[PDB]
Amino acid sequence: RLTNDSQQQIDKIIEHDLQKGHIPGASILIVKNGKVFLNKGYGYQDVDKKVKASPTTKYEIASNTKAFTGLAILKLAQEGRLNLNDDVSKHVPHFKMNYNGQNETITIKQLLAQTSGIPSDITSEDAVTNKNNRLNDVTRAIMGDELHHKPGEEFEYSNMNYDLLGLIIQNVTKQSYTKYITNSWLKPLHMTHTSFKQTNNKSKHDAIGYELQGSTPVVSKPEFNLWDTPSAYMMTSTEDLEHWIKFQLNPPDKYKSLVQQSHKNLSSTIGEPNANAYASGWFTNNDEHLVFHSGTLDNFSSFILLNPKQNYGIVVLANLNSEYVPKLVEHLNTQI
């Protein structure tokens, strides 16, 4: 329950936003100047077992997974195993997707860029697949519908982009996506407790996912597709992210270029609140010197803020989907 601060009002800021958002529990990580300044749990990870959220509590990070997927690709691109410009059909078997009359080549970069032209959500209706391709090979599903624009024309935030990058990782690496990230990244990084979601029912160290019915939290077990694991299903803790945050802030020399490329912008956005553009699993504000991404699922909500300049990071993981998570980093940000 790490803290390096003599006395402070940080707790009251955290505790106020959580209580006002009806967030049962969250663990908060603040890393500034290359060492964690505070790692602490607030509220309950499980209301019924009455267990206190802690740095060891694991939450489904959601959309925060995207950063990993994207970095994995960049790493592959660097090793020479794939090329950011080569089309996806070179790594996916018959990935043909069209606009209007005819099919349109989609580059890898365009997937990272979220400019691929793939539609975002709700095509499949109520949380399941008619033919149970629960597993990664979702290519058949994406293929069903036409692109909104030619690849590279306009930005659309879709899980499918990073989902397809997930395959690319699996097909190229010749091992399951999960297996690769763990072996290549999570283990080397020392993120020994980080894993991917299947089952959907939490064990002792996993945090229970809550979803507000009326004004009170109720346990939520949302039906999920495994193909979404690259984009939104990583389950980590603030204790593991600790390594991930320090890596993104001051990467070891061999990784600085790769990491920097990770933050470099690929397309612009006009819908995220504090962001003008998106790069490789991260929203960007270059003018403010900020790199962040918000993750939201039905029963979880999380946020990761990085300022490569000024060497500080803010991580908020909470067990409920609430606006207040983004709000909390803002209040925690102005504090530095």
# chains A, B, ... in the order shown; residues from 1 in each chain; ligands from 1

$ residues_around --residues "residue 313 of chain A" --least-positions-apart "6" --cutoff "12 Å" --atoms "only C-alpha atoms" --output "PyMOL selection string"
chain A and resi 28-39+238+241-250+290-293+303-307+329-330+332-333+335-336

$ residues_around --residues "residue 170 of chain A" --least-positions-apart "6" --cutoff "9 Å" --atoms "only C-alpha atoms" --output "PyMOL selection string"
chain A and resi 176-180

$ residues_around --residues "residue 264 of chain A" --least-positions-apart "3" --cutoff "8 Å" --atoms "only C-alpha atoms" --output "JSON, numbers by chain"
{"A": [260, 261, 279, 280]}

$ write_last_selection --atoms "N, CA, C and O atoms" --output "PDB file, in the first residue's frame"
ATOM      1  N   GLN A 260       8.488   5.607 -28.289  1.00  0.00           N
ATOM      2  CA  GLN A 260       8.163   6.899 -28.869  1.00  0.00           C
ATOM      3  C   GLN A 260       7.254   6.743 -30.073  1.00  0.00           C
ATOM      4  O   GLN A 260       6.297   7.496 -30.221  1.00  0.00           O
ATOM      5  N   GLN A 261       7.555   5.770 -30.922  1.00  0.00           N
ATOM      6  CA  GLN A 261       6.743   5.512 -32.096  1.00  0.00           C
ATOM      7  C   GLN A 261       5.329   5.181 -31.614  1.00  0.00           C
ATOM      8  O   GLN A 261       4.334   5.512 -32.263  1.00  0.00           O
ATOM      9  N   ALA A 279      -2.836   7.676 -31.319  1.00  0.00           N
ATOM     10  CA  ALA A 279      -1.690   6.897 -31.774  1.00  0.00           C
ATOM     11  C   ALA A 279      -1.529   5.563 -31.047  1.00  0.00           C
ATOM     12  O   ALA A 279      -1.460   5.528 -29.822  1.00  0.00           O
ATOM     13  N   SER A 280      -1.402   4.482 -31.806  1.00  0.00           N
ATOM     14  CA  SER A 280      -1.039   3.164 -31.300  1.00  0.00           C
ATOM     15  C   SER A 280      -1.545   2.737 -29.920  1.00  0.00           C
ATOM     16  O   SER A 280      -0.747   2.478 -29.026  1.00  0.00           O
TER      17      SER A 280
END

$ residues_around --residues "residue 111 of chain A" --least-positions-apart "4" --cutoff "12 Å" --atoms "only C-alpha atoms" --output "count of residues only"
41

$ select_by_dssp --residues "segment 126-266 of chain A" --states "helix (DSSP H, G or I)" --output "count of residues only"
60

$ closest_atom_pairs --of "segment 17-98 of chain A" --to "segment 314-327 of chain A" --cutoff "10 Å" --atoms "only C-alpha atoms" --output "tab-separated table"
residue	atom	partner	partner_atom	distance
A:17	CA	A:324	CA	6.1
A:18	CA	A:324	CA	7.0
A:19	CA	A:324	CA	9.5
A:20	CA	A:324	CA	7.9
A:21	CA	A:324	CA	5.6
A:22	CA	A:320	CA	8.0
A:23	CA	A:320	CA	5.6
A:24	CA	A:319	CA	6.7
A:25	CA	A:318	CA	5.7
A:26	CA	A:318	CA	3.9
A:27	CA	A:317	CA	5.4
A:28	CA	A:316	CA	4.8
A:29	CA	A:315	CA	4.8
A:30	CA	A:314	CA	4.7
A:31	CA	A:314	CA	6.5
A:32	CA	A:314	CA	8.6
A:36	CA	A:314	CA	9.9
A:38	CA	A:314	CA	9.7
A:39	CA	A:315	CA	9.3
A:41	CA	A:317	CA	9.5
A:42	CA	A:318	CA	9.3
A:43	CA	A:318	CA	9.5
A:44	CA	A:319	CA	9.0
A:45	CA	A:319	CA	7.0
A:46	CA	A:319	CA	9.1
A:53	CA	A:318	CA	9.2
A:55	CA	A:317	CA	9.8
A:57	CA	A:317	CA	9.3
A:58	CA	A:317	CA	8.8
A:59	CA	A:317	CA	6.8
A:60	CA	A:319	CA	8.3
A:61	CA	A:317	CA	7.2

$ write_last_selection --atoms "C-alpha atoms" --output "compact mmCIF listing (two decimals), in the first residue's frame"
# COMPACT_ATOMS: atom_id res chain seq x y z
CA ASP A 17 -14.96 11.38 -6.75
CA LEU A 18 -15.45 7.66 -6.01
CA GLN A 19 -18.29 8.20 -3.53
CA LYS A 20 -19.95 10.77 -5.79
CA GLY A 21 -19.71 8.38 -8.76
CA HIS A 22 -21.01 5.43 -6.69
CA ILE A 23 -17.86 3.48 -7.41
CA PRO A 24 -17.66 0.60 -4.87
CA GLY A 25 -13.91 0.28 -5.25
CA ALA A 26 -10.85 1.42 -7.12
CA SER A 27 -7.09 1.19 -6.78
CA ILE A 28 -5.06 4.29 -7.70
CA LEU A 29 -1.49 4.51 -8.94
CA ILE A 30 0.47 7.75 -9.14
CA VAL A 31 3.99 7.57 -10.47
CA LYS A 32 6.07 10.70 -10.59
CA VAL A 36 5.56 5.28 -7.47
CA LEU A 38 1.23 6.44 -4.16
CA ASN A 39 -0.26 3.00 -4.79
CA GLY A 41 -6.83 0.95 -2.68
CA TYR A 42 -10.08 2.75 -1.90
CA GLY A 43 -13.48 1.20 -1.28
CA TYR A 44 -14.35 -2.46 -1.67
CA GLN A 45 -13.36 -4.79 -4.53
CA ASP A 46 -16.18 -7.06 -3.35
CA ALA A 53 -9.73 -3.01 -2.86
CA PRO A 55 -2.87 -2.61 -5.17
CA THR A 57 -6.76 -6.19 -6.77
CA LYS A 58 -7.12 -7.15 -10.43
CA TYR A 59 -9.65 -5.40 -12.67
CA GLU A 60 -10.58 -5.87 -16.32
CA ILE A 61 -8.67 -2.90 -17.76

$ select_by_dssp --residues "segment 20-249 of chain A" --states "strand (DSSP E)" --output "ChimeraX atom specification"
/A:25-32,35-46,51-52,58-60,98-99,102-103,195-196,210-213,216-219,234-237

$ write_last_selection --atoms "N, CA and C atoms" --output "compact mmCIF listing (two decimals), in the first residue's frame"
# COMPACT_ATOMS: atom_id res chain seq x y z
N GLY A 25 -15.33 0.41 -5.50
CA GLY A 25 -13.91 0.28 -5.25
C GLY A 25 -13.03 0.63 -6.42
N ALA A 26 -11.82 1.08 -6.11
CA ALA A 26 -10.85 1.42 -7.12
C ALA A 26 -9.47 1.43 -6.51
N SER A 27 -8.46 1.06 -7.29
CA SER A 27 -7.09 1.19 -6.78
C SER A 27 -6.42 2.23 -7.66
N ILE A 28 -5.68 3.14 -7.03
CA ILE A 28 -5.06 4.29 -7.70
C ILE A 28 -3.55 4.26 -7.65
N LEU A 29 -2.94 4.46 -8.82
CA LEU A 29 -1.49 4.51 -8.94
C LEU A 29 -1.03 5.86 -9.47
N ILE A 30 -0.13 6.49 -8.73
CA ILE A 30 0.47 7.75 -9.14
C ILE A 30 1.96 7.50 -9.15
N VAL A 31 2.57 7.76 -10.30
CA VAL A 31 3.99 7.57 -10.47
C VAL A 31 4.55 8.88 -10.97
N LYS A 32 5.42 9.49 -10.18
CA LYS A 32 6.07 10.70 -10.59
C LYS A 32 7.54 10.64 -10.25
N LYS A 35 9.47 6.88 -9.51
CA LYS A 35 9.12 5.93 -8.46
C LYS A 35 7.66 6.12 -8.11
N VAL A 36 6.96 5.07 -7.72
CA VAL A 36 5.56 5.28 -7.47
C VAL A 36 5.47 6.17 -6.25
N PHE A 37 4.57 7.14 -6.31
CA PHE A 37 4.43 8.14 -5.24
C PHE A 37 3.37 7.72 -4.23
N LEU A 38 2.32 7.13 -4.82
CA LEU A 38 1.23 6.44 -4.16
C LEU A 38 0.63 5.27 -4.95
N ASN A 39 0.44 4.14 -4.34
CA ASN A 39 -0.26 3.00 -4.79
C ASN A 39 -1.19 2.68 -3.64
N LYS A 40 -2.49 2.81 -3.83
CA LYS A 40 -3.40 2.53 -2.73
C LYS A 40 -4.78 2.15 -3.20
N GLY A 41 -5.47 1.37 -2.38
CA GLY A 41 -6.83 0.95 -2.68
C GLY A 41 -7.86 1.73 -1.88
N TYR A 42 -8.98 2.02 -2.52
CA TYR A 42 -10.08 2.75 -1.90
C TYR A 42 -11.39 2.03 -2.18
N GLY A 43 -12.20 1.86 -1.15
CA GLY A 43 -13.48 1.20 -1.28
C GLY A 43 -13.31 -0.29 -1.20
N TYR A 44 -14.32 -1.01 -1.70
CA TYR A 44 -14.35 -2.46 -1.67
C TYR A 44 -14.27 -3.04 -3.07
N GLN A 45 -13.46 -4.09 -3.24
CA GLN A 45 -13.36 -4.79 -4.53
C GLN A 45 -14.54 -5.74 -4.63
N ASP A 46 -15.00 -6.21 -3.47
CA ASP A 46 -16.18 -7.06 -3.35
C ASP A 46 -17.01 -6.62 -2.16
N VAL A 51 -14.53 -7.34 0.93
CA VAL A 51 -13.07 -7.27 0.81
C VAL A 51 -12.57 -5.96 0.20
N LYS A 52 -11.65 -5.31 0.92
CA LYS A 52 -11.07 -4.02 0.56
C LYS A 52 -10.20 -4.05 -0.69
N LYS A 58 -7.18 -7.12 -8.97
CA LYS A 58 -7.12 -7.15 -10.43
C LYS A 58 -8.46 -6.77 -11.04
N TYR A 59 -8.43 -5.84 -11.99
CA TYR A 59 -9.65 -5.40 -12.67
C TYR A 59 -9.48 -5.69 -14.15
N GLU A 60 -10.60 -5.70 -14.88
CA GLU A 60 -10.58 -5.87 -16.32
C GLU A 60 -10.27 -4.47 -16.87
N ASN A 98 -14.93 -4.37 -48.53
CA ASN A 98 -15.19 -3.43 -49.62
C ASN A 98 -15.94 -2.12 -49.30
N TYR A 99 -15.84 -1.17 -50.23
CA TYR A 99 -16.54 0.10 -50.18
C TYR A 99 -17.31 0.27 -51.47
N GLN A 102 -16.29 -2.14 -54.97
CA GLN A 102 -15.24 -3.08 -54.82
C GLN A 102 -14.37 -2.98 -53.60
N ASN A 103 -13.73 -4.10 -53.31
CA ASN A 103 -12.88 -4.29 -52.18
C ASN A 103 -11.75 -3.35 -52.03
N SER A 195 -3.22 -11.17 -16.52
CA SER A 195 -3.78 -12.22 -17.36
C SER A 195 -4.93 -11.73 -18.25
N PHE A 196 -5.53 -12.65 -18.99
CA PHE A 196 -6.65 -12.32 -19.85
C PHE A 196 -7.92 -13.03 -19.41
N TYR A 210 -19.19 -4.39 -10.95
CA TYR A 210 -20.51 -3.86 -10.60
C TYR A 210 -21.11 -2.97 -11.64
N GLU A 211 -22.43 -3.04 -11.73
CA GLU A 211 -23.18 -2.25 -12.68
C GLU A 211 -24.40 -1.63 -11.98
N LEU A 212 -24.44 -0.30 -11.96
CA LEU A 212 -25.54 0.44 -11.34
C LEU A 212 -26.95 0.17 -11.86
N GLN A 213 -27.79 -0.41 -11.02
CA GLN A 213 -29.21 -0.54 -11.27
C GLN A 213 -29.84 0.51 -10.37
N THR A 216 -27.84 1.86 -6.94
CA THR A 216 -27.02 0.91 -6.20
C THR A 216 -26.32 -0.08 -7.13
N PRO A 217 -25.07 -0.45 -6.79
CA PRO A 217 -24.31 -1.42 -7.56
C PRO A 217 -24.93 -2.79 -7.42
N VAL A 218 -24.92 -3.53 -8.52
CA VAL A 218 -25.40 -4.90 -8.58
C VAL A 218 -24.37 -5.67 -9.38
N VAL A 219 -24.05 -6.89 -8.96
CA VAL A 219 -22.98 -7.60 -9.64
C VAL A 219 -23.35 -7.78 -11.11
N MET A 234 -7.86 -7.61 -20.96
CA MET A 234 -6.74 -7.80 -20.04
C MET A 234 -7.18 -7.57 -18.59
N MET A 235 -6.66 -8.39 -17.68
CA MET A 235 -6.97 -8.25 -16.26
C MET A 235 -5.67 -8.04 -15.49
N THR A 236 -5.40 -6.80 -15.11
CA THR A 236 -4.18 -6.52 -14.37
C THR A 236 -4.46 -5.78 -13.07
N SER A 237 -3.41 -5.48 -12.31
CA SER A 237 -3.52 -4.75 -11.05
C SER A 237 -2.68 -3.47 -11.10

$ closest_residue --among "A:7, A:56, A:262, A:139" --to "residue 74 of chain A" --atoms "only C-alpha atoms"
A:262

$ residues_around --residues "residue 331 of chain A" --least-positions-apart "6" --cutoff "10 Å" --atoms "only C-alpha atoms" --output "count of residues only"
4
